[PDB]
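> Pasting in a structure now, in structure tokens, and then I'll have a few things to ask.
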Amino acid sequence: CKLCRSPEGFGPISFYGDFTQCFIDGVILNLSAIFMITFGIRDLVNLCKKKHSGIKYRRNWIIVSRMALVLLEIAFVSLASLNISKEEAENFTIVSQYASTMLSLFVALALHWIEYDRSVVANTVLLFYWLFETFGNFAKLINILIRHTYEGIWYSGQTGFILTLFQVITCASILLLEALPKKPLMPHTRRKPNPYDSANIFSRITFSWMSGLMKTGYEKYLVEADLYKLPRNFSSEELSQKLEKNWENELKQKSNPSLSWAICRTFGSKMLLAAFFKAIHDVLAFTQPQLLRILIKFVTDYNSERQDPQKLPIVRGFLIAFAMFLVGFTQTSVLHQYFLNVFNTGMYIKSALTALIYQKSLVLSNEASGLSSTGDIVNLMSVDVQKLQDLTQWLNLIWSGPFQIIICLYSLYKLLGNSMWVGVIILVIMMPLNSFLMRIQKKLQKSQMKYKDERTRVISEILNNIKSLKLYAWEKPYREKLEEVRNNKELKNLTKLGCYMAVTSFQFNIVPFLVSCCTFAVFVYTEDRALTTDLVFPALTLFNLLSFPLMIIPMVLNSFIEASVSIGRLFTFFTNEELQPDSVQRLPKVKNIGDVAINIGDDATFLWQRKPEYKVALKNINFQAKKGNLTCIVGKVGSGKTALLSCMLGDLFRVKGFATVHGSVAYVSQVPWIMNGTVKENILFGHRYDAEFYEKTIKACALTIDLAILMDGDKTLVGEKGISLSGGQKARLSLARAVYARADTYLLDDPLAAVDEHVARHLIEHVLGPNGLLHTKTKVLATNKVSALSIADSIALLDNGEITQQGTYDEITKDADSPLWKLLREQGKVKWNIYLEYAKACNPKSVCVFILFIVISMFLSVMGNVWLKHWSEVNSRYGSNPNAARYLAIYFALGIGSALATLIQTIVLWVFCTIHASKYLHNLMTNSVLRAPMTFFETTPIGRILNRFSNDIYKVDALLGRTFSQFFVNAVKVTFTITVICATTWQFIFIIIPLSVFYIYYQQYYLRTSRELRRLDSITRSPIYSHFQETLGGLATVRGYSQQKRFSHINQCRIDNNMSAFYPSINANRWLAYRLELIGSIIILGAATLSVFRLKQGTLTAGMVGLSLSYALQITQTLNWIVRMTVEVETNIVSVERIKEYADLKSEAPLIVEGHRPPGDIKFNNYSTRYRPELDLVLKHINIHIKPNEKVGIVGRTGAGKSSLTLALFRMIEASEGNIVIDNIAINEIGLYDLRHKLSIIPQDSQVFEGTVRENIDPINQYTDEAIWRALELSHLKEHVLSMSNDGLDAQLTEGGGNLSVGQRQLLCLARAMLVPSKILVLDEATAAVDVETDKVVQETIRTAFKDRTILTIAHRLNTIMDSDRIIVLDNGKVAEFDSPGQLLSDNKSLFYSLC
């Protein structure tokens, strides 16, 4: 049985708030000494063993100071034992812990020295030993001093006090000299080693190893070279080898394999450690409310004893406050080690499963690779593995969720009686309601994005057709249609989405209040005891803690089942059947040219797909290929021509006979494959560079011409999906790679079919034939082109998957068979101007009303808690609940006031602030874009333009307002939390100001560096999936060249780069979270200790501390919320920046001017213009005069300004000098709409819009049905619309479809031209995209409809203008040409004459 010799019991906590002497001696210091014995001896043995040379550090002042301070510790502890040898030395705890401490100090003395020369990391055991010695000696000092001040005696005598003080100082000193110093290395472009490897245990706990990266990312934009290389054991190769080594046991040792247990057996140790840390976190998180109760109960007891033996000591209050600090600090320290371990396991599963998926893909049989799509497999890597990575984050909540709920319910039951259950019932009831509301939120988000995509497609129509749209002056009708869709569908849906977010926010405000209100009501009306202030506020904290597990458990279960589905998919993948690696036994080279066989088969059989096929395989092949000779395979499509090459390559399952291929082999597929990259990289294909042979290959292959043609030579980028090249040069490039590889055996699967016959005759001479450079290498070629047969040394012909005839060219010629007949940066400041621009859009009065209702909601919530404080103090003054009805009514009134204020908050946000701003910005951007000059639409791609209408406007609509709302909610909540704490203890100002400085410091560092790191992570994430898809495309050639090792290594490098960017990404979240939770725990310490000082001053009530700490406990969550929301606001507000940079675009000339037109000659006056303001004068000093009915043909060189004439006449480009006159009025001042809508055109780029024929003919609806039908009838596609549908004029054209082919599309444009008053008409050909039928119809329609009005024709086909009575040739932009086409053709050897 337990026994002791001190009046204070052996129990942990004494009458005062500190640990009792016999617990500090008997448990804390004894156990820390024994910890050092055990684990320090273990570490001492390991470090003495492991190394003795090379890495050793310099014996600087650091080590000597450490050793000296340890010696001082031995001095003071021996002196302690001396000072206790007679003062009741019978106390086993004291004497035994002195003995243990002395032995442990000897062990530490040894361990310091043996560490210093060996380890880079300050030893973990030594650091924890000094932490526990410092804490134990400090607790002993506190004990001795408390008993001095309260009982007048020193347990260890006054000498013992000073001696323990010295022990405390020396332990803290050596603790710091162990933790801080870096142990200088004793001196003798890739990324630097990860700091995590060097971080000692305290640095690892506090994530102070991230601080360097956070500072660097705060001061400069991070390029991937700023990241540190990945930690010690994070390599994808190592992790995939581990997982494979276990998965092999699953496959071969178990009766039935399980990939889930492979993953568990591999990575479960980290998850067990994380589970331990999570359990400690749960325990501490629910001790914190118990310390809150203890403090409130202490305050009430103290005040009740000071109002009118062993009166309660204030040091108990101070020690309760400091225990709350320690609880918070240990919560954060263990919580973030839990997050570290689970996220590390997630990254392990990611980088392990990704590399295993790649490696398995390399080994997949073509059977499985056909059985599953490339997209499915790349999604297996991209998404299914993602579910398993995400699963780690939630896995421990499978038990920690219930564990928090179980102990939270126990705590609430013990605190609040059975009335707990009404609050628990409310939470449980609101969980399904939360799911229902979130399902509606998802539905409306889906509908809103559907509307967004619809309106984005309308925008795409407008943008891609902007040329014709501006020319026809159709800007107004299409912009009004866009506005109609916007305002009537997208914003209409957005108002409803806002209303339901308002409902959701009302719920999230009221339910946390409502649980406590209802449980206090049931308590008051069912419990015969006072609803005291030590019940109300701990109950609030406990319900707050209960909310999270209950509301997150559904998400955890969802993730668990979804990851189970993903595991199923991965397991099916890994078990797919493989290549039968011994199908073709590869063998080394053979020297003697010409004679020896290289490829062999002896009546062998090769199946395509095993389980269905037998006696239908490619079979009975007896085959020979021999060094240096070219042997050609012939066969009909599907005959097995490709199959035989696949066999000798090794892609097919054989069951009879044997096959072999000697030496290395190179392979060219019938369909060429080009990995994205430079043409040089595609040719070299991982082989070392030899310039002479590289150029020799480019010359022997006809690739030289293409290599000269392409815009950047061999550095020309084969872009995503290989769009940069066409089929012929693609096949040529594949052959170039094959040649460069200089393999010993060549398997040319029909390269020549994709090549012009002349280029094939070049290739066969330079490469394939004996005259080629490959004459010394074995070549098998599979083509039916007769030239290969003519050059081939020996021939085989196969059909039905069977070899039919084989022999040398001589025998196959003599046989007269069918083959014989054929063959014979620093970071910038925050862009506050954009924030103010968004506020201006939101109607600053409206945004101020929003902030006002934030203030009112938080104010009424705070006054709800203040009324709860008053009510609980009233019940504490009484022995019962005096006016339950009144107090509950007022508390309910204040809580509901807060909830309704939040409802009005969100209604204002959406209906007045966010939706108004979204409409303003969209109208401004679209209006400015459409009135932008062509400079804009030509200098910026339609993709980038459409991106602002698609994504940036969407973010402003649906994310930015929500994020500002959350930011201001949490900022106001923190402001009111600080206000409450300061009102309770005004001296808290001096604590919150320094902590404010630290908070802003960390928040800024995180805001910058986290955006940088997430950017790098997302950038480096995609190359993994794109590379995997590329390899899946090239899977056959990757095996063919037999450089699976190189491709797998490239994949592992992609994975390692992604992790190199990701590991900082989330360790920055750990860094921030640790800082913010440390700040929160220091805030709790400040509030608690200042409240206890106010108690010492005799002016604190229990309710004041209850309220102050109810808020101080929650402040740490709002701090993280504020930081996260600043991050998200900064990421979204660039949307408003990107929108504004278009909304202020330089607009073209004024649309309408006072020179309004009253309603056909054209005259130029020294006119000149540029195709761009920055380019030179492409059109110079024209003065042509054109008579009212005159037909004018325009001709010129390919670089002449003839094309710019139509742009000039429509004033789509302004006059550099001079002007243009129409009907004796200068158009240069007439206004763009008034000008353009009065001229006909058939634009060179015929363009169509979605909608009725009406919308593509008369979108303004300004012309009559009879006239529209007349135009369609004249343009000879009345018939086409009637064939399309019975809707006739309402028949619908679609963008991206093919309702109207180009010719009838030009007739549609001609109809558009016919409707408008054609006093002037302009037309141009689709450049070299016309036919004689389209011509004749065009000219006959023009003669019919426009001959009586001016016509200007720019078409380059001269037949279109031979009949004109006037012609013009643009001599490089100087008009200088004469009247008639016939006169020009006859009177001189004109350019016109030369062209004709």
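In order, the residues displayed for chain A correspond to 10-197, 205-324, 337-852, 929-1263, 1270-1506 in Swiss-Prot numbering, which applies throughout.
Per the header of the entry, the method used was electron microscopy, 3.1 Å.
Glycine is treated like the rest: Cβ placed from N, Cα and C.
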> Can you tell me which of these residues Swiss-Prot lists as phosphoserine: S251, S475, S984?
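Residue annotated phosphoserine in Swiss-Prot: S251.
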> In Swiss-Prot, which of 727-747, 1160-1180, 1181-1201, 1460-1480 is labelled transmembrane segment?
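My reading of Swiss-Prot: the transmembrane segment range is 1181-1201.
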> Before the 76 missing residues sits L852, after them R929; how far apart are their C-alpha atoms, in Å?
70
> Return one of helix, strand or coil for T670 (ATP 1 binding site), based on DSSP.
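DSSP assigns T670 (ATP 1 binding site) to helix.
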> Tell me the residue counts in helix, strand and coil for the topological domain 'Vacuolar' (965-1001), as DSSP assigns them.
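Within the topological domain 'Vacuolar' (965-1001) the tally stands at 31 helix, 0 strand, 6 coil.
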> Whole-number Å only: compute the distance from the Cα of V665 (ATP 1 binding site) to the Cα of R1307 (ATP 2 binding site).
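Pair distance, Cα basis, whole Å: 48 Å.
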> Round to the nearest Å and give the CA-to-CA distance linking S667 (ATP 1 binding site) with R1307 (ATP 2 binding site).
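Each residue's Cα considered, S667 (ATP 1 binding site) and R1307 (ATP 2 binding site) end up 53 Å apart.
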> Treating G and I as helix alongside H, and B as strand alongside E, what does DSSP give for the topological domain 'Vacuolar' (95-99) in helix, strand and coil?
0 helix, 0 strand, 5 coil
> Can you tell me how far the Cα of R1307 (ATP 2 binding site) sits from the Cα of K669 (ATP 1 binding site), in Å?
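Distance between the two Cα atoms comes out at 51 Å.
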> When DSSP is mapped onto helix/strand/coil, what comes out for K1312 (ATP 2 binding site)?
helix
> Could you round the CA separation between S251 (phosphoserine) and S1313 (ATP 2 binding site) to a whole angstrom and send it over?
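One finds 59 Å between the Cα atoms of these residues.
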> Near the transmembrane segment (944-964), which residues from the same chain, at least 6 beyond its ends, have a CB less than 8 A from one of its CBs?
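Contacts with the transmembrane segment (944-964): 537, 998-999, 1001-1003, 1005-1006, 1008-1009, 1012-1013, 1016-1018, 1020-1021, 1024-1025, 1069, 1072-1073, 1076-1077, 1079-1080, 1240.
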> Answer yes if the transmembrane segment (573-593) and the transmembrane segment (131-151) have at least three CB pairs under 8 Å among residue pairs 6 or more apart in sequence, and no otherwise.
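Stretch pair does not touch.
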> Residues near the ATP 2 site, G1306, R1307, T1308, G1309, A1310, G1311, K1312, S1313 excluded, by Cβ within 8 Å of the Cβ center?
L1480, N1482, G1483
